[PDB]
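Student: Dropping the structure in here first, questions after.
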Amino acid sequence: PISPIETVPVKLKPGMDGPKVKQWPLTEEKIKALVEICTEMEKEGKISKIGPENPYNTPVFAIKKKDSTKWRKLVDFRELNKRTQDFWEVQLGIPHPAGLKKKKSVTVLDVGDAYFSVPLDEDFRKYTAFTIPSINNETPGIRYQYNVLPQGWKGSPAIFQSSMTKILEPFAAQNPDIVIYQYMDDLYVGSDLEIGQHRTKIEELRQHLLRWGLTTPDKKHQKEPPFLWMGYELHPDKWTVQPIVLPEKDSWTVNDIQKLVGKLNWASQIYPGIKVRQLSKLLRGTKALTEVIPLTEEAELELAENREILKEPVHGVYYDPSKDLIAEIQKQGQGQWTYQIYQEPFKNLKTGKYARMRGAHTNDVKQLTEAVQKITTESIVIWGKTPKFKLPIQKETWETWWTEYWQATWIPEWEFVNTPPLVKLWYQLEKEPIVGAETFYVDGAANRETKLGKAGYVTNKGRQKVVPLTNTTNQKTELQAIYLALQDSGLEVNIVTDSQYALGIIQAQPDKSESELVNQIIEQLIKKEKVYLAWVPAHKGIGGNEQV
Amino acid sequence: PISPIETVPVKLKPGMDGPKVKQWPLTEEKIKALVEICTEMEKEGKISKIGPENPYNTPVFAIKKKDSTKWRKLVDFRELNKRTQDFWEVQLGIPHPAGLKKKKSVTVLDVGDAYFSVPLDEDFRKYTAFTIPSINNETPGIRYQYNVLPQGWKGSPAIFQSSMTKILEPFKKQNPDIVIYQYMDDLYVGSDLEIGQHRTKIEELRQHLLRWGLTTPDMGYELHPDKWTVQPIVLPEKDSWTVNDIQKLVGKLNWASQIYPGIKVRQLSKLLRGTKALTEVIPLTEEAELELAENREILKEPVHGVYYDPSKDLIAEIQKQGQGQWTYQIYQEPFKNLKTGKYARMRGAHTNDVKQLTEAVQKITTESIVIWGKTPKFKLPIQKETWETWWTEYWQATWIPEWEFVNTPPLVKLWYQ
Ligand SMILES: N#C/C=C/c1cccc(Oc2ccc(Cl)cc2OCCn2ccc(=O)[nH]c2=O)c1
């Protein structure tokens, strides 16, 4: 039989037993159709008719494919799968084309009857037992079990991968000149060897695999480039994604928006400039599954921009280890960032985008740092190294920021490329109180029930103001107070607030937010020459004038 | 080598599975180094390759050790430690001397290699599984498990404890005033001796351990725990104050009230009665100086009701003070501080933030080890992915403390310096 391959020992989960599910059903139409299968599988040694003693059992169904000339057997292993030990996880991620090295030739072999070509641990075989039933009349069903890896069994992919690796090792040991990637069933071999000797090597690999019981394509070479693989087009000198289709509809569905931003996200890998913000901002509401969701003008504009971007094909290149790895970042202005990774000016390894969707307030520098981090992570994953950075920010700006920043930040080798828009701090608060400046003692308050509330100030020049508000909270009133003091003061202003919230927002130095109020405050702060914000504890009678 | 005796059976708390933790992506450099190291360890019988039937995984990293130009493999055993050792701090648990912190000098020696001689329980080996990752998911990783007591596992010194006691027994008799505590792969040796005599005794212990077959790979690394206390809160002292300065003072005092409830700010808060310019100079009254001075002498004397609870976890908060300075507090419960301090290392701009934070964390952890015999869980003022990416560059120790990340600091920066 298939014995030469060493079986992997398998246990049931501790404190469990093989599936005892009994199946009498169902019909006579598919039964002999099942026998016609199980006989040919028995002859090939994949299954064995079993005796009466200690059987467990698993359900068995029969079903047909299109172009019906061949039937198909299907076993539901769900219960057994529930009852079997965990295995080492098969590869979660797949290799990224931008990290592949250019090889003179690439061959794709696909082993057929993969799992059935790998033996199953003997003592475990009794738990795979299934029963072909009958019409009764004193006819006990036909019983079997698997001598090989059952299709749909929990342990099949991992054990197959392991077996394939071990089988490959004595080959690859004598052929370092060629490299074999292993993915699911498929083997992807590649080499810089001359085409003839490459082909001969491929045939040698095929025969070696065939001696271990693993079939490989006997017709032509099978697959020729492309090479449509896992959502990619792999060309000999270049790679691209699949053709991307953005549908057009009168009524957009939440599901269709999901699929839309999905395709767009996937497209962002190669096509640069893709903006996903508005369309996903639609999806922010997660409600139901079927809800028909109306578009926004910004969303349709965004989708249009993406459509114009997808108008022409864009191809990425492969990786050359002898060349530097460069990453370049641009700000798209909406809180959206885009980046290209390249070893060469006119050819990108790949592209991508970053966006901060978490939190109301932030600034350009911090976001740039975050993007740099994401790119560093991705680069470590794909190429195994960190890229050299080209960034639209100046050394003084970033030194200032990271020296003034409370968090620890890390930046690699980076150089200044002057591309508008530049990243800059639009304003800086004063670290010491200003002499010859009016001092505004500001406060705001609200009733958490009525929500009316008010905001206002009392200055040292004897000036006072109280502005009534509607539909607000203590946060909004307290920010409204600072804004109010910014409006009524000169180019140099000292503000004293009793709230840690407002102080927290302002001292964070955001250049943008989800609040129009904070934005107006930002614009005012920019218009100001000097602003000193100071904090005092409330209800201590330090000269803050409050109300209720 | 050989099995001198049978293995010590290792068990997990009933109803607990083995560790399953994803492996972090590594630089090709670190991957290569791990491949060399692990190949060599495989040739020595220390580790063996495993099949798919082993579900468990534990992370591995490559570090430069301390000053060395060659790579060291560092396994992150925190999860396995929580899943096993928490029952092994009882069964095999190693007692922590309370006199170690009182010694004038403490030297740290690396005894880890000693573990590589002793075999590990056959049944337990599958729980030590780790994966050397591959670049770009080209191949599934290289999988090993330990055939001997692994470094970084808290159960290793627990098992090796008797042997260590037997080896250290003669040295302790000739040196009864020397305190020796074993934490994981490290030996902490305290003494009141002069620096020279201390180092001489340390080299004596080194040679003793060496002639008994235990190799160790040893300014140098030495502490001085007698200076370790809770640092007092300081109020700014100035010749002439302002409205702003007094506001800062009242604020900071009002904050300090959560620690020392016996503080009265009533006089200082009155010193500016009406709305005034921030830069207006206000001379303090007699009552103001009286209250400031009364709040000063109460602030240089440590708190009341603060004791170490062995049941609760230790928590270390760190904040960045700028210019290479960092402040930290170790506490079990809010506002009750077991320890506070400040760390700074070296200028010249060759240093960066992540390096400073890393060295700070290491120092705080070592302090915590010397004092309470266990490591605190850190709250780190850094972005998660940044730390997870760059922490193994500057990491010189053999242990990994628990940590999490804090996004919400207020102005408390200057209140702690
Ligand atoms: N189904 C399907 C294939 C899937 C597949 C997936 C990943 C890799 C692969 O082939 C490769 C195998 C090994 C190496 Cl070292 C590079 C490769 O470069 C791939 C780039 N390439 C592709 C085709 C070609 O004509 N020249 C090339 O340099 C094949």
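Chain labels run A, B, ... following the order of the structure tokens; each chain numbers its residues from 1, and ligands are numbered from 1 in the order shown.
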Give the residues close to ligand 1, within 6 Å, counting only C-alpha atoms and all ligand atoms; write them as a list in words.
Tutor: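 Those within range of ligand 1 are residues 100, 101, 102, 103, 105, 106, 108, 179, 180, 181, 188, 189, 190, 227, 229, 234, 235 and 236 of chain A.
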Student: Within 9 Å of residue 167 in chain A, counting only C-alpha atoms, which residues qualify if same-chain residues fewer than 2 places away don't, as number ranges by chain?
Tutor: A: 5, 162-165, 169-171, 208-209, 212
Student: For range 42-45 of chain B, work out the shell of residues within 9 Å, counting only C-alpha atoms and skipping chain neighbours fewer than 2 positions away, then give it as a PyMOL selection string.
Tutor: chain B and resi 1+37-40+47-49+144+146-148
Student: Show me, as a PyMOL selection string, the residues that have an atom within 8 Å of residue 316 in chain B when counting only C-alpha atoms, minus same-chain residues fewer than 5 positions from it.
Tutor: chain B and resi 328-331+376-379
Student: Please write the residues from the selection above to a file, keeping N, CA, C and O atoms, as a PDB file, in the first residue's frame.
Tutor:
ATOM      1  N   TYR B 328       9.299  56.812  37.473  1.00  0.00           N
ATOM      2  CA  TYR B 328       8.483  55.615  37.643  1.00  0.00           C
ATOM      3  C   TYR B 328       7.951  55.416  39.058  1.00  0.00           C
ATOM      4  O   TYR B 328       8.554  55.865  40.036  1.00  0.00           O
ATOM      5  N   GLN B 329       6.813  54.733  39.151  1.00  0.00           N
ATOM      6  CA  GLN B 329       6.233  54.370  40.438  1.00  0.00           C
ATOM      7  C   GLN B 329       5.815  52.906  40.418  1.00  0.00           C
ATOM      8  O   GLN B 329       5.221  52.433  39.449  1.00  0.00           O
ATOM      9  N   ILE B 330       6.136  52.190  41.488  1.00  0.00           N
ATOM     10  CA  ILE B 330       5.690  50.816  41.649  1.00  0.00           C
ATOM     11  C   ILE B 330       4.666  50.788  42.767  1.00  0.00           C
ATOM     12  O   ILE B 330       4.943  51.231  43.882  1.00  0.00           O
ATOM     13  N   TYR B 331       3.477  50.286  42.465  1.00  0.00           N
ATOM     14  CA  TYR B 331       2.396  50.294  43.436  1.00  0.00           C
ATOM     15  C   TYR B 331       1.465  49.109  43.237  1.00  0.00           C
ATOM     16  O   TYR B 331       1.280  48.637  42.119  1.00  0.00           O
ATOM     17  N   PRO B 376       6.877  43.305  38.248  1.00  0.00           N
ATOM     18  CA  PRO B 376       5.663  44.111  38.077  1.00  0.00           C
ATOM     19  C   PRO B 376       5.142  44.099  36.639  1.00  0.00           C
ATOM     20  O   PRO B 376       5.910  43.875  35.702  1.00  0.00           O
ATOM     21  N   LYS B 377       3.847  44.346  36.468  1.00  0.00           N
ATOM     22  CA  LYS B 377       3.279  44.530  35.137  1.00  0.00           C
ATOM     23  C   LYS B 377       3.353  46.000  34.744  1.00  0.00           C
ATOM     24  O   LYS B 377       2.799  46.864  35.423  1.00  0.00           O
ATOM     25  N   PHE B 378       4.047  46.277  33.649  1.00  0.00           N
ATOM     26  CA  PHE B 378       4.299  47.651  33.235  1.00  0.00           C
ATOM     27  C   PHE B 378       3.161  48.275  32.438  1.00  0.00           C
ATOM     28  O   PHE B 378       2.483  47.601  31.664  1.00  0.00           O
ATOM     29  N   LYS B 379       2.959  49.572  32.645  1.00  0.00           N
ATOM     30  CA  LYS B 379       2.109  50.365  31.770  1.00  0.00           C
ATOM     31  C   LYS B 379       3.014  51.292  30.967  1.00  0.00           C
ATOM     32  O   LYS B 379       3.541  52.274  31.491  1.00  0.00           O
TER      33      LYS B 379
END
Student: Mind giving me the straight-line distance from CA of residue 429 in chain A to CA of residue 280 in chain B in Å, one decimal?
Tutor: 20.2 Å
Student: For chain B, which residue out of A:477, A:340, A:376, A:3 is the nearest one, using only C-alpha atoms?
Tutor: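 When distances to chain B are compared using only C-alpha atoms, the smallest one comes from A:376.
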Student: Which residues, written as a list in words, have at least one atom at most 9 Å from residue 385 in chain B, with only C-alpha atoms counted and residues fewer than 2 positions away on the same chain left out?
Tutor: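 Here the answer would be residues 373, 374 and 377 of chain A; 382, 383, 387, 388, 389 and 390 of chain B.
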Student: Please write the residues from the selection above to a file, keeping C-alpha atoms, as an mmCIF file, in the first residue's frame.
Tutor:
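This went into part04.cif:
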data_model
loop_
_atom_site.group_PDB
_atom_site.id
_atom_site.type_symbol
_atom_site.label_atom_id
_atom_site.label_comp_id
_atom_site.auth_asym_id
_atom_site.auth_seq_id
_atom_site.Cartn_x
_atom_site.Cartn_y
_atom_site.Cartn_z
ATOM 1 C CA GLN A 373 5.148 51.953 11.920
ATOM 2 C CA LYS A 374 2.595 50.075 9.796
ATOM 3 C CA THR A 377 5.765 46.000 10.214
ATOM 4 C CA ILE B 382 4.628 53.864 23.873
ATOM 5 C CA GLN B 383 2.603 52.683 20.873
ATOM 6 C CA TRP B 387 7.345 48.478 21.249
ATOM 7 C CA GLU B 388 6.589 45.005 19.893
ATOM 8 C CA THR B 389 8.808 45.795 16.923
ATOM 9 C CA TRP B 390 11.790 47.423 18.644
#
Student: Work out how far apart CA of residue 327 in chain A and CA of residue 397 in chain A are and give it in Å to one decimal.
Tutor: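 Computing it gives 20.0 Å between the two atoms.
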Student: For residue 235 in chain B, work out the shell of residues within 12 Å, counting only C-alpha atoms and skipping chain neighbours fewer than 3 positions away, then give it as a list in words.
Tutor: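 So, after excluding close chain neighbours, the residues are residues 232, 238, 245, 246, 248, 249, 250, 251, 252, 253, 254, 255, 256, 292, 293, 294, 295, 296, 297, 298, 299, 300, 414, 415, 416 and 417 of chain B.
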Student: Please write the residues from the selection above to a file, keeping C-alpha atoms, as a PDB file, in the first residue's frame.
Tutor:
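Writing done, so here's selection_6.pdb:
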ATOM      1  CA  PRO B 232       9.660  62.429  48.369  1.00  0.00           C
ATOM      2  CA  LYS B 238      11.618  80.302  44.285  1.00  0.00           C
ATOM      3  CA  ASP B 245       3.588  79.820  39.923  1.00  0.00           C
ATOM      4  CA  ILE B 246       1.196  79.896  42.877  1.00  0.00           C
ATOM      5  CA  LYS B 248       0.921  75.495  39.809  1.00  0.00           C
ATOM      6  CA  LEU B 249       1.773  75.139  43.501  1.00  0.00           C
ATOM      7  CA  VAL B 250      -1.860  74.949  44.619  1.00  0.00           C
ATOM      8  CA  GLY B 251      -2.596  72.470  41.839  1.00  0.00           C
ATOM      9  CA  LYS B 252       0.308  70.170  42.687  1.00  0.00           C
ATOM     10  CA  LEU B 253      -0.474  70.323  46.413  1.00  0.00           C
ATOM     11  CA  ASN B 254      -4.135  69.561  45.748  1.00  0.00           C
ATOM     12  CA  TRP B 255      -2.905  66.554  43.777  1.00  0.00           C
ATOM     13  CA  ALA B 256      -0.580  65.523  46.606  1.00  0.00           C
ATOM     14  CA  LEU B 292       3.807  76.083  52.702  1.00  0.00           C
ATOM     15  CA  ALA B 293       6.363  75.097  55.342  1.00  0.00           C
ATOM     16  CA  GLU B 294       3.783  72.973  57.167  1.00  0.00           C
ATOM     17  CA  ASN B 295       3.054  71.221  53.867  1.00  0.00           C
ATOM     18  CA  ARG B 296       6.778  70.764  53.192  1.00  0.00           C
ATOM     19  CA  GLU B 297       7.707  68.882  56.369  1.00  0.00           C
ATOM     20  CA  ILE B 298       4.677  66.637  55.904  1.00  0.00           C
ATOM     21  CA  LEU B 299       5.783  65.885  52.336  1.00  0.00           C
ATOM     22  CA  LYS B 300       9.305  64.693  53.185  1.00  0.00           C
ATOM     23  CA  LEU B 414       5.914  67.703  36.116  1.00  0.00           C
ATOM     24  CA  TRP B 415       4.129  66.639  39.314  1.00  0.00           C
ATOM     25  CA  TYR B 416       6.496  63.664  39.532  1.00  0.00           C
ATOM     26  CA  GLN B 417       9.655  65.718  38.970  1.00  0.00           C
TER      27      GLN B 417
END
Student: CA of residue 119 in chain A to CA of residue 17 in chain B: how many Å, to one decimal?
Tutor: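 Computed distance, CA of residue 119 in chain A to CA of residue 17 in chain B, equals 28.4 Å.
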Student: Using DSSP on the backbone coordinates, identify all residues within range 126-305 of chain A classified as strand (DSSP E or B); present the result as number ranges by chain.
Tutor: A: 130-132, 142-143, 146, 148, 178-183, 186-191, 215, 228-229, 232-234, 239-241, 253, 292
Student: When distances are computed from only C-alpha atoms, which of A:408, A:245, A:467, A:288 shows the smallest separation from residue 480 in chain A?
Tutor: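 So, comparing all the options, the nearest one is A:467.
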Student: Might you pull out every residue within 8 Å of residue 195 in chain A, with only C-alpha atoms counted and same-chain residues fewer than 2 positions away left off, and present them as an mmCIF file with C-alpha atoms, in the first residue's frame?
Tutor:
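Here's the written file part.cif:
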data_model
loop_
_atom_site.group_PDB
_atom_site.id
_atom_site.type_symbol
_atom_site.label_atom_id
_atom_site.label_comp_id
_atom_site.auth_asym_id
_atom_site.auth_seq_id
_atom_site.Cartn_x
_atom_site.Cartn_y
_atom_site.Cartn_z
ATOM 1 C CA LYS A 104 14.549 32.656 -14.802
ATOM 2 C CA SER A 105 11.830 30.003 -14.821
ATOM 3 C CA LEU A 193 18.936 27.335 -14.303
ATOM 4 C CA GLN A 197 18.039 21.698 -17.393
ATOM 5 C CA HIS A 198 15.187 23.366 -15.505
ATOM 6 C CA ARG A 199 12.665 21.226 -17.398
#
Student: Nearest residue to chain A out of B:123, B:86, B:353, B:29, using only C-alpha atoms?
Tutor: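 Closest to chain A of all the choices is B:353.
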Student: From the options B:66, B:211, B:270, B:172, which residue's atoms come nearest to chain A, counting only C-alpha atoms?
Tutor: B:270
Student: Ranking B:243, B:109, B:26, B:412 by minimum distance to chain A and counting only C-alpha atoms, which one comes first?
Tutor: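 That would be B:26, the residue with the smallest distance to chain A.
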Student: For the structure I just gave you, how does DSSP split range 128-377 of chain B - specifically, which residues are alpha helix (DSSP H)? Reply as an MDAnalysis selection string.
Tutor: chainID B and resid 155:174 195:211 243:256 266:270 286:297 353:372
Student: Select, from B:219, B:184, B:74, B:214, the residue with the minimum atom-to-atom distance to residue 374 in chain B, counting only C-alpha atoms.
Tutor: B:184
